[PDB]
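Structure below is query.tsv: TSV, C-alpha atoms and all ligand atoms.
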```
chain	number	residue	atom	x	y	z
A	3	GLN	CA	0.00	0.00	0.00
A	4	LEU	CA	1.03	3.62	-0.58
A	5	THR	CA	3.33	5.16	2.03
A	6	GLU	CA	3.84	8.81	3.01
A	7	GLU	CA	7.02	8.95	0.93
A	8	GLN	CA	5.44	7.21	-2.07
A	9	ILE	CA	2.80	9.94	-2.24
A	10	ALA	CA	5.62	12.50	-2.05
A	11	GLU	CA	7.37	11.08	-5.11
A	12	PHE	CA	4.05	10.92	-6.96
A	13	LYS	CA	3.35	14.55	-6.09
A	14	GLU	CA	6.74	15.44	-7.57
A	15	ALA	CA	5.74	13.69	-10.78
A	16	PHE	CA	2.31	15.33	-10.79
A	17	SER	CA	3.88	18.78	-10.40
A	18	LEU	CA	6.07	18.19	-13.45
A	19	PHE	CA	2.90	18.13	-15.53
A	20	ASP	CA	0.83	20.62	-13.52
A	21	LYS	CA	3.08	23.56	-14.42
A	22	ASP	CA	0.63	26.24	-13.25
A	23	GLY	CA	-0.04	24.31	-10.04
A	24	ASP	CA	-3.81	24.66	-10.38
A	25	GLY	CA	-4.35	21.07	-9.26
A	26	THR	CA	-5.16	19.62	-12.66
A	27	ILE	CA	-3.26	18.38	-15.68
A	28	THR	CA	-4.69	19.52	-19.02
A	29	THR	CA	-4.02	18.14	-22.50
A	30	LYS	CA	-2.09	21.38	-23.08
A	31	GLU	CA	0.20	20.73	-20.12
A	32	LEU	CA	0.65	17.08	-21.06
A	33	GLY	CA	1.59	18.11	-24.58
A	34	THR	CA	4.23	20.46	-23.21
A	35	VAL	CA	5.87	17.69	-21.19
A	36	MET	CA	5.52	15.05	-23.93
A	37	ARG	CA	7.28	17.33	-26.39
A	38	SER	CA	10.01	17.82	-23.81
A	39	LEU	CA	10.42	14.05	-23.70
A	40	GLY	CA	11.02	13.67	-27.43
A	41	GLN	CA	7.42	12.92	-28.40
A	42	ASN	CA	5.04	14.82	-30.67
A	43	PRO	CA	1.51	13.64	-29.84
A	44	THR	CA	-1.48	14.89	-31.80
A	45	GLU	CA	-4.35	16.42	-29.86
A	46	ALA	CA	-6.30	13.18	-30.33
A	47	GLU	CA	-3.40	11.25	-28.78
A	48	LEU	CA	-3.22	13.62	-25.82
A	49	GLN	CA	-6.97	13.37	-25.28
A	50	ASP	CA	-6.70	9.57	-25.18
A	51	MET	CA	-3.86	9.76	-22.64
A	52	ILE	CA	-5.86	12.07	-20.38
A	53	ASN	CA	-8.97	9.89	-20.78
A	54	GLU	CA	-7.29	6.73	-19.47
A	55	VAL	CA	-6.61	8.52	-16.18
A	56	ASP	CA	-9.51	11.00	-16.01
A	57	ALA	CA	-11.84	8.75	-14.00
A	58	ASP	CA	-14.72	11.24	-13.68
A	59	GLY	CA	-14.54	12.37	-17.30
A	60	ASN	CA	-14.27	16.12	-16.75
A	61	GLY	CA	-11.47	16.33	-19.30
A	62	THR	CA	-8.51	16.78	-16.94
A	63	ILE	CA	-6.52	14.82	-14.36
A	64	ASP	CA	-6.56	15.86	-10.72
A	65	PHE	CA	-4.21	14.57	-8.01
A	66	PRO	CA	-6.55	11.87	-6.69
A	67	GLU	CA	-6.90	10.48	-10.23
A	68	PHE	CA	-3.15	10.70	-10.80
A	69	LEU	CA	-2.42	8.96	-7.49
A	70	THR	CA	-4.91	6.18	-8.22
A	71	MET	CA	-3.26	5.40	-11.56
A	72	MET	CA	0.31	5.68	-10.31
A	73	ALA	CA	-0.40	3.51	-7.27
A	74	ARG	CA	-2.00	0.85	-9.46
A	75	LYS	CA	0.86	0.63	-11.95
A	76	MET	CA	3.37	0.49	-9.10
A	77	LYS	CA	1.55	-2.53	-7.67
A	78	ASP	CA	2.09	-4.36	-10.96
A	79	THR	CA	5.74	-5.23	-10.33
A	80	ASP	CA	5.29	-8.07	-12.83
A	81	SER	CA	4.50	-5.66	-15.67
A	82	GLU	CA	7.29	-4.63	-18.04
A	83	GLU	CA	5.27	-2.33	-20.29
A	84	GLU	CA	6.01	0.69	-18.10
A	85	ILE	CA	9.74	-0.07	-18.25
A	86	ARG	CA	9.51	-0.40	-22.04
A	87	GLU	CA	7.76	2.97	-22.13
A	88	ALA	CA	10.43	4.57	-19.96
A	89	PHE	CA	13.13	3.11	-22.20
A	90	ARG	CA	11.51	4.71	-25.25
A	91	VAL	CA	11.40	8.07	-23.44
A	92	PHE	CA	15.17	7.86	-22.97
A	93	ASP	CA	15.96	6.32	-26.38
A	94	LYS	CA	14.93	9.28	-28.50
A	95	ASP	CA	16.56	8.17	-31.74
A	96	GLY	CA	15.07	4.69	-31.43
A	97	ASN	CA	18.33	2.85	-32.01
A	98	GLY	CA	17.88	0.62	-28.97
A	99	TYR	CA	20.69	2.25	-26.98
A	100	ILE	CA	20.48	5.04	-24.42
A	101	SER	CA	23.46	7.31	-25.02
A	102	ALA	CA	24.96	9.68	-22.47
A	103	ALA	CA	23.31	12.61	-24.26
A	104	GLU	CA	19.95	10.86	-24.25
A	105	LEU	CA	20.16	10.14	-20.55
A	106	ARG	CA	21.25	13.70	-19.78
A	107	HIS	CA	18.35	15.08	-21.79
A	108	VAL	CA	15.76	13.28	-19.69
A	109	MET	CA	17.44	14.26	-16.43
A	110	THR	CA	17.62	17.89	-17.56
A	111	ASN	CA	13.88	17.71	-18.20
A	112	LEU	CA	13.33	16.42	-14.67
A	113	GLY	CA	15.14	19.55	-13.51
A	114	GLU	CA	18.38	17.74	-12.69
A	115	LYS	CA	21.44	19.49	-14.15
A	116	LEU	CA	24.27	16.97	-14.29
A	117	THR	CA	27.94	17.44	-15.10
A	118	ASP	CA	29.44	15.31	-17.86
A	119	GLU	CA	31.10	13.17	-15.19
A	120	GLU	CA	27.83	12.57	-13.35
A	121	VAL	CA	26.21	11.56	-16.64
A	122	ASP	CA	29.01	9.15	-17.50
A	123	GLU	CA	28.72	7.71	-14.00
A	124	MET	CA	24.97	7.21	-14.41
A	125	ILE	CA	25.60	5.38	-17.67
A	126	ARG	CA	28.42	3.32	-16.15
A	127	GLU	CA	26.10	2.25	-13.31
A	128	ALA	CA	23.82	0.43	-15.75
A	129	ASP	CA	26.29	-0.21	-18.59
A	130	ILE	CA	27.08	-3.86	-17.89
A	131	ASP	CA	29.01	-4.57	-21.11
A	132	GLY	CA	30.87	-1.26	-20.95
A	133	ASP	CA	30.21	-0.04	-24.50
A	134	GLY	CA	29.24	3.42	-23.28
A	135	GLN	CA	25.51	3.00	-23.76
A	136	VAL	CA	22.59	1.36	-21.99
A	137	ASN	CA	20.59	-1.18	-24.02
A	138	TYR	CA	17.19	-2.49	-22.98
A	139	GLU	CA	18.49	-5.53	-21.08
A	140	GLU	CA	20.80	-3.24	-19.12
A	141	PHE	CA	17.98	-0.76	-18.52
A	142	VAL	CA	15.66	-3.41	-17.08
A	143	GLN	CA	18.25	-4.76	-14.65
A	144	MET	CA	18.90	-1.19	-13.54
A	145	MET	CA	15.19	-0.59	-12.96
A	146	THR	CA	14.48	-3.97	-11.37
B	1665	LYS	CA	3.90	8.65	-20.19
B	1666	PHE	CA	3.07	9.76	-16.65
B	1667	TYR	CA	4.48	6.64	-15.04
B	1668	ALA	CA	7.44	6.53	-17.42
B	1669	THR	CA	8.42	9.99	-16.20
B	1670	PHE	CA	8.17	8.74	-12.62
B	1671	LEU	CA	10.47	5.83	-13.49
B	1672	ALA	CA	12.99	8.20	-15.04
B	1673	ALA	CA	13.09	10.01	-11.71
B	1674	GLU	CA	13.50	6.59	-10.10
B	1675	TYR	CA	16.61	5.90	-12.18
B	1676	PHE	CA	17.98	9.14	-10.70
B	1677	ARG	CA	17.05	8.57	-7.05
B	1678	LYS	CA	18.66	5.12	-7.06
B	1679	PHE	CA	21.76	6.78	-8.50
B	1680	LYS	CA	21.88	9.47	-5.82
B	1681	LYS	CA	21.74	6.58	-3.34
B	1682	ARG	CA	24.66	4.26	-2.55
C	1701	CA	CA	-2.59	22.67	-14.39
C	1702	CA	CA	-10.84	14.39	-13.82
C	1703	CA	CA	19.48	5.97	-28.66
C	1704	CA	CA	26.00	-1.32	-22.71
```

Render the structure in this file as structure tokens.
Ligand SMILES: [Ca+2]
Ligand SMILES: [Ca+2]
Ligand SMILES: [Ca+2]
Ligand SMILES: [Ca+2]
Amino acid sequence: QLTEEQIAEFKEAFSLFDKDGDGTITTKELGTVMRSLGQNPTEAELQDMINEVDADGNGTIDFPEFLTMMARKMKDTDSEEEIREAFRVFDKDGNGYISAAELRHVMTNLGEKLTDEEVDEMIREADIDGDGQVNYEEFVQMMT
Amino acid sequence: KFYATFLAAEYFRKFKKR
């Protein structure tokens, strides 16, 4: 079950999308973050993404709705789809390898400014075969 | 991609750890 800290991490995530801190995530705000993650969703795509979470159908996602969804996916430790999705967020050029630049880009988006050494260290931490990049197998092990 | 973004932050936290 959700702990005090868990809700804290989920609030951090929610705030990343709720830029104006009005308590709700709009398709406009989701689009802004998706484009910052290397995606380019159409309005129809964004509407579908909001819909899956917008339990009461008012067209936006509030914290309770966000928490419900995030808590549910976290309980599915057997699911790998979320890890595959995260991998794609990192792997912007779709070549199956997360490069140092690709990893830095995501971290920068999260508001974490890392030095080149920190980035190389983050890569190294998951880079089992030492080729300088993180493939999917390496990414999973890192996440699990 | 809501949860994916959370996981990205997870990759970071774990790093900041040990
Ligand atoms: Ca908002
Ligand atoms: Ca709603
Ligand atoms: Ca890549
Ligand atoms: Ca590697």

Check which residues fall inside 12 Å of ligand CA 1704 (chain C) when counting all atoms listed in the file, and print them as a JSON list (two decimals) with C-alpha atoms, keeping the file's coordinate frame.
```json
[["chain", "number", "residue", "atom", "x", "y", "z"],
["A", 98, "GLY", "CA", 17.88, 0.62, -28.97],
["A", 99, "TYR", "CA", 20.69, 2.25, -26.98],
["A", 100, "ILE", "CA", 20.48, 5.04, -24.42],
["A", 101, "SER", "CA", 23.46, 7.31, -25.02],
["A", 102, "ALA", "CA", 24.96, 9.68, -22.47],
["A", 124, "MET", "CA", 24.97, 7.21, -14.41],
["A", 125, "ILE", "CA", 25.60, 5.38, -17.67],
["A", 126, "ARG", "CA", 28.42, 3.32, -16.15],
["A", 127, "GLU", "CA", 26.10, 2.25, -13.31],
["A", 128, "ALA", "CA", 23.82, 0.43, -15.75],
["A", 129, "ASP", "CA", 26.29, -0.21, -18.59],
["A", 130, "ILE", "CA", 27.08, -3.86, -17.89],
["A", 131, "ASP", "CA", 29.01, -4.57, -21.11],
["A", 132, "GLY", "CA", 30.87, -1.26, -20.95],
["A", 133, "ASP", "CA", 30.21, -0.04, -24.50],
["A", 134, "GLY", "CA", 29.24, 3.42, -23.28],
["A", 135, "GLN", "CA", 25.51, 3.00, -23.76],
["A", 136, "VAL", "CA", 22.59, 1.36, -21.99],
["A", 137, "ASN", "CA", 20.59, -1.18, -24.02],
["A", 138, "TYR", "CA", 17.19, -2.49, -22.98],
["A", 139, "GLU", "CA", 18.49, -5.53, -21.08],
["A", 140, "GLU", "CA", 20.80, -3.24, -19.12],
["A", 141, "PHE", "CA", 17.98, -0.76, -18.52],
["A", 142, "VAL", "CA", 15.66, -3.41, -17.08],
["A", 143, "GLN", "CA", 18.25, -4.76, -14.65],
["A", 144, "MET", "CA", 18.90, -1.19, -13.54]]
```

Using all atoms listed in the file, tabulate the residues of chain B lying at most 12 Å from any atom of range 62-73 of chain A, each with its closest atom pair and that distance in Å to one decimal, by chain and increasing residue number, as a tab-separated table.
```
residue	atom	partner	partner_atom	distance
B:1665	CA	A:72	CA	10.9
B:1666	CA	A:72	CA	8.0
B:1667	CA	A:72	CA	6.4
B:1668	CA	A:72	CA	10.1
B:1669	CA	A:72	CA	10.9
B:1670	CA	A:72	CA	8.7
B:1671	CA	A:72	CA	10.6
```

In terms of only C-alpha atoms and all ligand atoms, the residue from A:27, A:109, A:4, A:9 at minimal distance from ligand CA 1701 (chain C) is A:27

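Take CA of residue 1676 in chain B and CA of residue 34 in chain A: the distance between them is 21.8 Å.
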
Exercise. Would you list the contacts of residue 1673 in chain B as an MDAnalysis selection string, taking every protein, DNA or RNA residue within 10 Å and counting only C-alpha atoms, but skipping same-chain residues closer than 4 positions in sequence?
Key: (chainID A and resid 11 14:15 108:109 112:114) or (chainID B and resid 1667:1669 1677:1679)
